[PDB]
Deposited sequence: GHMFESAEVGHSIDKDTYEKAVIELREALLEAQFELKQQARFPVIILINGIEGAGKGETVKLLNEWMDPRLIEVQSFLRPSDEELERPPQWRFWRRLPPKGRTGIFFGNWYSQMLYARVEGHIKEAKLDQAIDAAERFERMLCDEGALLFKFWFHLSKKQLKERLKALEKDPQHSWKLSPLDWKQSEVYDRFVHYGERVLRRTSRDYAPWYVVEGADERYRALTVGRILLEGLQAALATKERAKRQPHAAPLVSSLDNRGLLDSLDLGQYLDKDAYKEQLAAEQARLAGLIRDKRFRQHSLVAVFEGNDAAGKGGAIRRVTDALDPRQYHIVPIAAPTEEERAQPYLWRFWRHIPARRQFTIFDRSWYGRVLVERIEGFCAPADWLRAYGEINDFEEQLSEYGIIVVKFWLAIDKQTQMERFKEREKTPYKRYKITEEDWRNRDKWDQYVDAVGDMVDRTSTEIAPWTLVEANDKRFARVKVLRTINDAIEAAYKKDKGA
């Protein structure tokens, strides 16, 4: 593969200097149209051989283009904040917003390449990292990103003449082969000649940029639930107390330091999600948990890919994050109301699975709740809530809108559990016509999941 860019690629001064006058003006214009459209981000990965012009070329691009609209990152030295969270988290944090450009040195490729070359991970684990990168980039691109990957190359003999290489290019070749895609190709740019390497990257950027700017029943599950299940006065008191003490104990366990906890709550309107969350929080000191109620995305969230808004709330080791509503919004209300396109929610299922697998692989304990009531129970709770003198309990116009689409929600939850209840992250369906049963089942599920993790730790 690499021998194409070992053929001595070169550009003379006169040709290059004329090229550059027009290239830099054309980039500034495109960069400005990128800002004005505010429609998609540009991500440039900078990898390859040390001394093949990586840093020099990025410097030159910030002289040709406007650095006020470009952020350059390296991920050499992670902070404790970054290290105490899943490895993908640090990249999400620095993704450039729509209309801006982010240049990443020291990205996910450098990490996986030097880890294999330095021998800290096996062949199998590199293949996993290659396939994770492809799914990550496909999502970023599916979300609208314009993604450029540049590999700056010297040959073994070219490198030596500039006053680990072998296995580095051996493994590099495998990665590049398996992550060069029509939607996000690798551009191998020979770095021997500094005019060629800079003009070639400039031109590929301009081309790709100009081009991007010129563009425009499933009821089985829920029907099978025994919603008649309940706990009586004594069962509730005792079991609530036992499982609350059990939760406080598990989190207080030293082994919780190697883990964290994410609990997702979804369910029908008036199913009792808030009260179920409160019986969990009742077990703990509030410095032990972070509740995120998920609403319509804010401006800054809308400027980023879908999952950015959730990754930003992922807990550090020893923390507990509760999502009241979650990333499943996309396969629920967004699907039903048309806040995203069908192709968007269809790909979400696998993107969500990929997300939860990232979390799980790092040691985050993921539990997911769908609190299910029948339609008649919803109507009764809606009635009860209306006749209280509490403004918080008012049934809104949106509440009635959602209830009207009851059957669309049944089908959507069916599809969701079919496509995202995984071995790594199962869906727990909570029978919730009786709040007492629902509240204890939530606590017991969290606790079993934590115990399960401590056992798996060996």
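Regions of the deposited sequence not represented in the model: 1-2, 166-187, 241-256, 499-500 are the stretches of the deposited chain that have no C-alpha coordinates in the structure.
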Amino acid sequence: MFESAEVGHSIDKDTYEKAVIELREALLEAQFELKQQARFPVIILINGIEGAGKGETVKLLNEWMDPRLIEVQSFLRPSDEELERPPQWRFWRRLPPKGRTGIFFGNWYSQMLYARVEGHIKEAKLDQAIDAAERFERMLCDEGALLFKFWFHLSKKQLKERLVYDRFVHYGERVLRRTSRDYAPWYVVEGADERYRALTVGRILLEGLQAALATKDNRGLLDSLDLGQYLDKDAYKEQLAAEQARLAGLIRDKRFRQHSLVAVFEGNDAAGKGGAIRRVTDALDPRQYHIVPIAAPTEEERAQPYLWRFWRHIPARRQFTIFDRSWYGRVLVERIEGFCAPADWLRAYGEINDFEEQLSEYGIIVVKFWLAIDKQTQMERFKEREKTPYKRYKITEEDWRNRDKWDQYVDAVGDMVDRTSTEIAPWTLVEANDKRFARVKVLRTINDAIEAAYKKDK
From here on, numbers count along this sequence of modelled residues.
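Higher-scoring stretch by recorded Cα B factor average, 342-350 or 108-116: Comparing averages over the C-alpha atoms only gives 108-116.
Stretch with the greater mean C-alpha B-factor as recorded in the entry, comparing 286-294 against 122-130: Result of the comparison: 122-130.
Most elevated Cα B-factor in the entry, residues 272, 102, 185, 363: That would be 185, according to the entry.
Of the residues 317, 203, 94, 335, the one carrying the largest Cα B-factor as recorded: If I rank 317, 203, 94, 335 by C-alpha B-factor, first place goes to 203.
Chain thirds of CA B-factor: placement of residue 190: Its C-alpha B-factor belongs to the highest third of this chain's values.
Entry-reported Cα temperature factor of residue 216, expressed as the chain third it lands in: According to the entry, residue 216 has a C-alpha B-factor in the chain's middle third.
Chain-relative CA temperature factor third for residue 426: It falls in the bottom third of the chain.
Third assignment of residue 226 from its chain's C-alpha B-factors: It belongs to the middle third of the chain when residues are ordered by C-alpha B-factor.
Third of chain Cα B-factors occupied by residue 178: Tercile = highest for this residue's CA B-factor.
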